[PDB]
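Okay, upload.pdb now, which holds PDB, C-alpha atoms:
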ATOM      1  CA  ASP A   1       0.000   0.000   0.000  1.00  0.00           C
ATOM      2  CA  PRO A   2       2.432   2.763  -1.132  1.00  0.00           C
ATOM      3  CA  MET A   3       1.145   6.042   0.392  1.00  0.00           C
ATOM      4  CA  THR A   4      -1.950   6.400   2.592  1.00  0.00           C
ATOM      5  CA  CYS A   5      -5.464   7.639   1.920  1.00  0.00           C
ATOM      6  CA  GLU A   6      -4.164  10.863   3.496  1.00  0.00           C
ATOM      7  CA  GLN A   7      -1.078  10.894   1.307  1.00  0.00           C
ATOM      8  CA  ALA A   8      -3.339  10.706  -1.790  1.00  0.00           C
ATOM      9  CA  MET A   9      -5.013  13.938  -0.562  1.00  0.00           C
ATOM     10  CA  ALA A  10      -1.745  15.402   0.655  1.00  0.00           C
ATOM     11  CA  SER A  11      -0.174  14.817  -2.778  1.00  0.00           C
ATOM     12  CA  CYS A  12      -3.142  16.400  -4.631  1.00  0.00           C
ATOM     13  CA  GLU A  13      -3.167  13.162  -6.692  1.00  0.00           C
ATOM     14  CA  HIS A  14      -6.868  12.465  -7.254  1.00  0.00           C
ATOM     15  CA  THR A  15      -5.676   9.631  -9.486  1.00  0.00           C
ATOM     16  CA  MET A  16      -4.188   7.860  -6.415  1.00  0.00           C
ATOM     17  CA  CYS A  17      -7.475   8.340  -4.492  1.00  0.00           C
ATOM     18  CA  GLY A  18      -7.559   4.503  -4.753  1.00  0.00           C
ATOM     19  CA  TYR A  19      -6.079   4.391  -1.227  1.00  0.00           C
ATOM     20  CA  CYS A  20      -9.224   6.096   0.105  1.00  0.00           C
ATOM     21  CA  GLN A  21     -12.671   4.500  -0.432  1.00  0.00           C
ATOM     22  CA  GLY A  22     -16.379   5.467  -0.396  1.00  0.00           C
ATOM     23  CA  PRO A  23     -16.807   8.811   1.442  1.00  0.00           C
ATOM     24  CA  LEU A  24     -13.046   9.137   1.741  1.00  0.00           C
ATOM     25  CA  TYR A  25     -12.705   8.502  -2.033  1.00  0.00           C
ATOM     26  CA  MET A  26     -15.073  11.341  -2.837  1.00  0.00           C
ATOM     27  CA  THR A  27     -13.449  13.418  -0.075  1.00  0.00           C
ATOM     28  CA  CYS A  28      -9.912  12.910  -1.386  1.00  0.00           C
ATOM     29  CA  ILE A  29     -11.414  13.712  -4.780  1.00  0.00           C
ATOM     30  CA  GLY A  30     -13.001  16.949  -3.548  1.00  0.00           C
ATOM     31  CA  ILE A  31      -9.574  18.006  -2.189  1.00  0.00           C
ATOM     32  CA  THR A  32      -7.237  16.767  -4.939  1.00  0.00           C
ATOM     33  CA  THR A  33      -9.441  17.807  -7.879  1.00  0.00           C
ATOM     34  CA  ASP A  34     -10.050  21.147  -6.126  1.00  0.00           C
ATOM     35  CA  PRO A  35      -8.843  23.985  -8.381  1.00  0.00           C
ATOM     36  CA  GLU A  36      -7.202  25.595  -5.348  1.00  0.00           C
ATOM     37  CA  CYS A  37      -5.460  22.331  -4.257  1.00  0.00           C
ATOM     38  CA  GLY A  38      -2.622  23.825  -2.171  1.00  0.00           C
ATOM     39  CA  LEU A  39      -3.029  27.058  -4.164  1.00  0.00           C
ATOM     40  CA  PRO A  40      -2.317  30.120  -1.926  1.00  0.00           C
TER      41      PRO A  40
END

Here is the file; what I need is its structure written in the form of structure tokens.
Amino acid sequence: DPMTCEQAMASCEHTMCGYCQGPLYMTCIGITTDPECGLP
């Protein structure tokens, strides 16, 4: 399991949302795919 569900979010890599599932999938999505993903 390289990287965690967090790490998928933390990386901004919606593609690797696979670590997260269900609510956490769509949550990691909603962060990673956010236009302002770590955008100041």

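When atom CA of residue A:21 is paired with atom CA of residue A:37, their separation reads 19.6 Å.
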
(request) Name all residues at most 9 Å from residue A:18 (count all atoms listed in the file; drop same-chain ones fewer than 4 positions away) and give them as a ChimeraX atom specification. (result) /A:5,8,14,25

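For the pair atom CA of residue A:11 and atom CA of residue A:32, the separation is 7.6 Å.
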
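When all atoms listed in the file are used to compute distances to residue A:36, the closest of the residues A:3, A:24, A:19, A:12 turns out to be A:12.
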
(message) What's the separation between atom CA of residue A:13 and atom CA of residue A:1, in Å to one decimal place?
(response) 15.1 Å

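With all atoms listed in the file as the atoms that count, the residue of A:2, A:33, A:38, A:27 with the shortest distance to residue A:15 is A:33.
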
How about completing stretch 3-21 of chain A with N, CA and C atoms and giving it to me as a PDB file, in the coordinates of the input?
ATOM      1  N   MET A   3       1.863   4.843  -0.008  1.00  0.00           N
ATOM      2  CA  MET A   3       1.145   6.042   0.392  1.00  0.00           C
ATOM      3  C   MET A   3      -0.176   5.674   1.076  1.00  0.00           C
ATOM      4  N   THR A   4      -0.679   6.569   1.920  1.00  0.00           N
ATOM      5  CA  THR A   4      -1.950   6.400   2.592  1.00  0.00           C
ATOM      6  C   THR A   4      -3.068   7.118   1.846  1.00  0.00           C
ATOM      7  N   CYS A   5      -4.303   6.832   2.249  1.00  0.00           N
ATOM      8  CA  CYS A   5      -5.464   7.639   1.920  1.00  0.00           C
ATOM      9  C   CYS A   5      -5.183   9.120   2.171  1.00  0.00           C
ATOM     10  N   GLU A   6      -4.544   9.474   3.296  1.00  0.00           N
ATOM     11  CA  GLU A   6      -4.164  10.863   3.496  1.00  0.00           C
ATOM     12  C   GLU A   6      -3.217  11.266   2.390  1.00  0.00           C
ATOM     13  N   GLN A   7      -2.115  10.532   2.250  1.00  0.00           N
ATOM     14  CA  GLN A   7      -1.078  10.894   1.307  1.00  0.00           C
ATOM     15  C   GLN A   7      -1.657  11.158  -0.085  1.00  0.00           C
ATOM     16  N   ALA A   8      -2.652  10.396  -0.538  1.00  0.00           N
ATOM     17  CA  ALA A   8      -3.339  10.706  -1.790  1.00  0.00           C
ATOM     18  C   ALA A   8      -3.874  12.149  -1.782  1.00  0.00           C
ATOM     19  N   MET A   9      -4.574  12.556  -0.718  1.00  0.00           N
ATOM     20  CA  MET A   9      -5.013  13.938  -0.562  1.00  0.00           C
ATOM     21  C   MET A   9      -3.836  14.895  -0.551  1.00  0.00           C
ATOM     22  N   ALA A  10      -2.872  14.573   0.296  1.00  0.00           N
ATOM     23  CA  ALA A  10      -1.745  15.402   0.655  1.00  0.00           C
ATOM     24  C   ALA A  10      -0.873  15.645  -0.582  1.00  0.00           C
ATOM     25  N   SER A  11      -0.892  14.695  -1.513  1.00  0.00           N
ATOM     26  CA  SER A  11      -0.174  14.817  -2.778  1.00  0.00           C
ATOM     27  C   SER A  11      -0.968  15.609  -3.818  1.00  0.00           C
ATOM     28  N   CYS A  12      -2.272  15.810  -3.625  1.00  0.00           N
ATOM     29  CA  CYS A  12      -3.142  16.400  -4.631  1.00  0.00           C
ATOM     30  C   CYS A  12      -3.456  15.393  -5.746  1.00  0.00           C
ATOM     31  N   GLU A  13      -3.063  14.125  -5.606  1.00  0.00           N
ATOM     32  CA  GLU A  13      -3.167  13.162  -6.692  1.00  0.00           C
ATOM     33  C   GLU A  13      -4.497  12.428  -6.592  1.00  0.00           C
ATOM     34  N   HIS A  14      -5.542  13.057  -7.131  1.00  0.00           N
ATOM     35  CA  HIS A  14      -6.868  12.465  -7.254  1.00  0.00           C
ATOM     36  C   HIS A  14      -6.760  11.075  -7.869  1.00  0.00           C
ATOM     37  N   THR A  15      -5.819  10.884  -8.785  1.00  0.00           N
ATOM     38  CA  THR A  15      -5.676   9.631  -9.486  1.00  0.00           C
ATOM     39  C   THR A  15      -5.382   8.512  -8.479  1.00  0.00           C
ATOM     40  N   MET A  16      -4.552   8.790  -7.470  1.00  0.00           N
ATOM     41  CA  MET A  16      -4.188   7.860  -6.415  1.00  0.00           C
ATOM     42  C   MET A  16      -5.214   7.856  -5.277  1.00  0.00           C
ATOM     43  N   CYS A  17      -6.405   8.429  -5.471  1.00  0.00           N
ATOM     44  CA  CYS A  17      -7.475   8.340  -4.492  1.00  0.00           C
ATOM     45  C   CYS A  17      -7.819   6.894  -4.140  1.00  0.00           C
ATOM     46  N   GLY A  18      -7.396   5.930  -4.961  1.00  0.00           N
ATOM     47  CA  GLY A  18      -7.559   4.503  -4.753  1.00  0.00           C
ATOM     48  C   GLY A  18      -7.258   4.062  -3.322  1.00  0.00           C
ATOM     49  N   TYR A  19      -6.347   4.734  -2.616  1.00  0.00           N
ATOM     50  CA  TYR A  19      -6.079   4.391  -1.227  1.00  0.00           C
ATOM     51  C   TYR A  19      -7.309   4.639  -0.358  1.00  0.00           C
ATOM     52  N   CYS A  20      -7.972   5.772  -0.556  1.00  0.00           N
ATOM     53  CA  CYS A  20      -9.224   6.096   0.105  1.00  0.00           C
ATOM     54  C   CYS A  20     -10.349   5.310  -0.561  1.00  0.00           C
ATOM     55  N   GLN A  21     -11.508   5.208   0.088  1.00  0.00           N
ATOM     56  CA  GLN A  21     -12.671   4.500  -0.432  1.00  0.00           C
ATOM     57  C   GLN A  21     -13.948   5.237  -0.030  1.00  0.00           C
TER      58      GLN A  21
END
